């Protein structure tokens, strides 16, 4: 049915730092998109096909904190700007899109869903341009097709004068490629 989303915050500044250092995270996990932080930065990771993915330019080679200490990346592809860990216990994965639709829907770190028109393999245009401050920290989040299946991961925003009209994304296909 219709895409709708909500956000919940599970950790504050201080538990985040401590957890970053111990690499030990005991909180229960839910949902399909995880809000993630480093020391300097916060963004999104999306679970597709049992793996939790996000952008290399944010995570780098870093481990992810888990109930069992740090967990090493399963996939690392610098050219694709794509990184992946095994999906946390309790997360739920998105299904890759197979309908080839050109009407995409980007899920934001604030849990808004904004319409995007597909204009290429890896680029889409916003139907309503937005201030860049808005999309900040949404990198790593999903572009969905009308059925709610994953088409791609938000990679970068094309901004002019602080206003975004287009986004570049990593297509689901490149995920599957990276998996091989």
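Positions refer to the first chain, counted from 1.
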### Message
Averaging CA B factors per stretch from the PDB record, which one is higher: 19-27 or 156-164?
### Response
156-164
### 41-49 versus 116-124 - greater average Cα B-factor per the deposited record
116-124
### Message
Test of reading the entry: by CA B factor among the chain's modelled residues, which third contains residue 95?
### Response
middle
### Task
Would you please rank residue 89 by its C-alpha temperature factor against the other modelled residues of its chain and give the third it falls in: lowest, middle or highest?
middle
## Note on the structure
Assert third(CA B-factor, residue 132) within chain per record equals highest
## Note on the structure
On the chain's distribution of Cα B-factors, residue 78 falls within the third called highest
